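As structure tokens, the next two blocks hold two forms of the same chain, structure 1 and structure 2.
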Structure 1
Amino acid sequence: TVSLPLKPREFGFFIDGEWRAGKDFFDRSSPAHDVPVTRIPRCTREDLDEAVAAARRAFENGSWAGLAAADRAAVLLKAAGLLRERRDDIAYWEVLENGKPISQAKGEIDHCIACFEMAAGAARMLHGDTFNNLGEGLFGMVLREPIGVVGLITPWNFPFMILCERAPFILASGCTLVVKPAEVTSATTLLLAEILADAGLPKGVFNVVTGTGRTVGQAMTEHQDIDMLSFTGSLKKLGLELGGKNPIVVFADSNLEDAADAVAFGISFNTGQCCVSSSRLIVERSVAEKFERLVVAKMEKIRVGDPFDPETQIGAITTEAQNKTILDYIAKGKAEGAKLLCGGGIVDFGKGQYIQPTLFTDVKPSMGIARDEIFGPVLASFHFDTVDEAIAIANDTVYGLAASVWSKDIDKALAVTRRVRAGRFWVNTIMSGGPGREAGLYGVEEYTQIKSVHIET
């Protein structure tokens, strides 16, 4: 019931409010269909310079940062509405370039819509401090101001969703933006550019420069007119972002059935879930065997196949590189004596590849697959006896995107929540971002600086 493009769609890139024609082009085929779908400009360092100049111009001339926050919120809310009307179109191009199941793409869009609405509300709440207690001759205050021109680099796994977790909050403060998405998943980033123009965003406030990391990414990192650089793949600030080896710590006193469900939902896509992959299971030894059996039974129901089938839960491998990493990973795990409990293969389903939901158990932290990282429904199980063992296994990575703990014991739950390094933590619930927030309070502040002001008499 879903027709592929008759000819690959050629995009332009987006600078200072207008579409721009590419010279050279990256040809992208559908990971699930092996059919040409898009043609993406490979921009030059000179193109990125123009995008930065446009964003500079739009920041400094007052057209965005000088507006009242209400006007910025109005644009963001209109974009949210347009994004809702065009949900099926954005999901379609996302599936085509990334392999994602359509139901997961549509669910990510709903989370994206909500991000636009949070950013809009938070634009109005942004505030600083007054110091009225310095005595009669002296008055102090702190103002919050947009950081300025923000460079954003997004990755290929969650191209649209990471963009919408960042871009609307960046724009809400009055910052301007230049985005470089991954060469393999650029279409939806450009469709967002169109949405924001249609919503009334002034020219130069949102610019998309497509192309390679070697050319456009490097020009971005070395540009001396970008105030802040934010990498989610990978001049005052540069932020980086961390890995998807998100651990799930399960204790014997927990609800093992709910916990096993959460492991299953955290590795596949289920309705009402959105966007928190997990790849490490950390389970009390005395229940490891029963719980792992629970998880394997659920993992073998996960539906794999045609991403345009609304019931698919695992989509196609996005790049040919990701394909060798997975078969390498599994080979390494077998070699080092990790026990494969299910999956382990890549399914050739027609003209696409699909990773089987896969679970290694008896994994020691010193093994090579405990260090290495992969994207895909591949899960490694570690066992522990003590609370401090669980925490040390959980913390064995550099820093975590997400984490969760299952336990009815308040001391164990709190100890894990406080001592495991992750940005988002779930306690006896499914890790999900779909049907106040921290991003509601703080997403906008992240792209601001403070100005202290000292007024005598």
Structure 2
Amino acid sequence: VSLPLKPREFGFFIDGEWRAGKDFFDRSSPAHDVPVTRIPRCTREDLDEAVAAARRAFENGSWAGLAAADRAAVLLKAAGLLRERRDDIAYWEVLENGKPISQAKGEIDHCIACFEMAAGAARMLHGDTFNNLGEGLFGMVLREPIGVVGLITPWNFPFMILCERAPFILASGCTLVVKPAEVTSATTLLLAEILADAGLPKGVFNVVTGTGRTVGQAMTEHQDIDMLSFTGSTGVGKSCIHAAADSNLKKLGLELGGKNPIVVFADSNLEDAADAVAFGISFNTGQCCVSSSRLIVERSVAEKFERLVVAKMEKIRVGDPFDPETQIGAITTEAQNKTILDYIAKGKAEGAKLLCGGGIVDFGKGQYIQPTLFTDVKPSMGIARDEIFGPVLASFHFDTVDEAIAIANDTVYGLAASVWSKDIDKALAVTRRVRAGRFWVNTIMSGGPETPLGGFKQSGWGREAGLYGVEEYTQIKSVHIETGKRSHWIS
């Protein structure tokens, strides 16, 4: 594959029209150090306008007003266009993020599935009828789109996270104002192209690109946005919350990442489990809200199992993201690169044993990190508690099932969890007693958009995808009708 001759100039998208931009962020491949894109830096005026378009499009019934059939037509068309242009979107995703082309193309197939699921849930979205309240009273509960929804996506899965929110938000008849990561805006603008091509009315999907402190905060505080999906860090989630209270009490769907445990029992398929732990921390080079960063292993196989994980971690093919054979790609931002390398550092200083990795992968160009494992970890240590968002794995030992669930639940977070055992009783106890919203039993990062996803504790608020994720962006209306004459209260 060739890298671009010249960087690709992009516009931003508002009320159906693409605009040129007056200031531009030049993004380079973090894998190649060569310019690839020019994304417009939008203003608060650019954002107020996007929100104004989204409101017009909602109120004038051009989208919420249609039969669900017509919202489903657009999402099915989009899903179809997505498949047609998969190789395009994978190409651009890799260029801005650094992920392997194989991983990228896998994610595009999941997006297609997301759109098709949303198209289905557009028609299935329902409330209740209560015909059982008596001859006088009729109850019913309606669902309706909340209105103008702002979506803020991070740079880990720019296109897949975008596609795990946008189609579910639209299916109910909501309008969208999206602000992608500045470093990964291109695949989000390509979705704009696709949705326009698939016949999405003007104003319904608007992309305002730029920084979180200009456009992001202008959205988190905006007085006319009804609800915000934000996916990212617990810190910036907490900013969104303050902004909500301080503005218009807008609803918040928060997906905020975590310190996710993977519990391994001696009576598991140790080989398969070791493969899953390696994938679970190396996948997207460990730049993952749902990565399995804490290993919780039965002591009887702890030392063995750790070294099985090393065996898998050192076999991982690191290289050019464009090589179909490459398994893990580049660290997306220099900021995240220094954080990760600084955490491994501290870990070695806090008193932990480096069993493997701990260093960069020298390619001359780009930023790469070795899959890393740490043992002899105290729950005090920084690498035991803090989300590192790199391919660094801490190991912890347990004697009894109660101990494993306690070490797994010793977090402020609660996004994902994993349990590896052949014992139905152990699998169900850990599954039912570890406070996490996304669980895998003898599997890793499976599940389509059929099912919801989200976090316990500090890993956020609400659930995305499935019929539950369509529903999050609808408002519940209770309606009581009295039939016949009413007994007057007064005299």
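Between two forms, the rigid core is the largest collection of C-alphas that superpose within 1.5 Å. All residue numbers here refer to structure 1's sequence, counted from 1.
Only one entry in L77, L341, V387, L126 has its C-alpha moved by 2 angstroms or more between structures 1 and 2 when the rigid core is superposed, and that entry is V387.
Relative to the superposed core, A105 undergoes a Cα shift smaller than 2 Å between structures 1 and 2. Superposed on the core, the two forms differ at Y399: its CA moves 2 Å or more between structures 1 and 2. Positional change of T215 between structures 1 and 2 stays under 2 Å at the C-alpha, relative to the superposed core. Shown is the Cα shift of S254 between structures 1 and 2 after rigid core superposition, which amounts to 1.9 Å.
Shown is the Cα shift of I195 between structures 1 and 2 after rigid core superposition, which amounts to 0.2 Å. Taking the core as reference, the Cα of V276 moves 5.1 angstrom between structures 1 and 2.
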